[PDB]
């Protein structure tokens, strides 16, 4: 009746602390260990899996009091996995200056400095009532609490261990509890029958790293795995020819890209970055590797942004004449430039890289692939080009143009992008006005600067495919 699930995955997070696990591979595991205050209804307003109405979870009800403050009334008798009852103190700690957004917290949780809202300290009104506050107005509080930033941690236990040690022995309120974590290999979680919500339907879940997608496909076919992730459209015909197996695929609110270590002199200025960007023939990559199912967005611009999505925005540019002109202008001396990829952690990362190496050879740039195994990522000083992705995790263009590429983000801080002052001033402005034609035009100006500066280059939104046994009716891969 409750089976032990075996999931063959593309990767394993570096930790199970819920914010530090934010990645393509962490949420599928941490969403089973932890809960949020509220959850998105992915099928509200007729949406086919990307709906946005908010529904109760750890909070049974909530009331926006003013433009800076939201009161949450918590469920009672919710138990953390170690038997401690969750209270307003735990929720307050989760969004506190100490743990999340203060100066010392940002050292151990870097996304607390860039992915946090402009929080002020939560207020605990009573055992089951907490008020989440912001120092400046924002309408995003409630939806933020359904996001990957909103997973609730146990104050006493987390504070005692600290962020890093908690990530190796996580305790949450979710339907599965931690058993084991072997870095670069596996995570095992087991049913928590003390869960406040629906009883878990699997006895145990094992997430096993299977680096190569053909090995994942073969393991599904042999019964070694019940579910496998991160496949491509090319795998679908073979899998679906087995009557006991099936695939599912769709465009995800995430883009694959490549980016630069702009602390390196070779990438300290925009010309060679933009040269590499203008030489990418995205329709050809999409045709050869994605069966024309991946979609190319019109800039850093996605429909989930709603009022800040521009459906009429122009396409991103492909111009090898300008690319060649920019290589010569940069003074590039033929010095090999590495491009680091952790295998096919991103679907089709290595075949797309090989096609782009040919494109860059045509404009006079020598790019060398540096394919590393999980756990072998280079030190920042040895990193030049690398691949990446960004999940568009809010119904607002603030994510990820601002939270990743803005003045508080990692692209400018860790990776050294010296953005124009106009860019950082507009990032500040859009975070102070409601949705209007003015806010709409400011995001389009940020998009234009992004394309001119090329701190990163958007490739496409992947057509994400997973596969499973038909008789496995619940799949904890957060698709």
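Numbering follows the first chain given and starts at 1.
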Worksheet item: According to the deposited model, is the average Cα temperature factor higher in 113-121 or in 216-224?
Response: 216-224
Worksheet item: Can you tell me which stretch has the higher mean Cα B-factor, 34-42 or 408-416?
Response: 408-416
Worksheet entry | Member of 131, 315, 191, 403 with the greatest C-alpha B factor (per the PDB record) | 315
Practice prompt. Going by the CA temperature factor in the entry, name the top one among 60, 441, 66, 63.
Written response: 441
Worksheet, complete the sentence: Temperature factor at the Cα of residue 300, chain-ranked in thirds, falls in the middle
Discussion item. Looking at the temperature factor on the CA atom of residue 100, which third of the chain's modelled residues does it land in?
Written reply: lowest
Discussion item. For the chain shown, is the CA B-factor of residue 198 in the lowest, middle or highest third of its modelled residues?
Written reply: lowest
Worksheet item: If you rank the chain by CA B-factor, which third does residue 272 end up in: lowest, middle or highest?
Response: highest
Response to the item:
On the chain's distribution of Cα B-factors, residue 254 falls within the third called middle
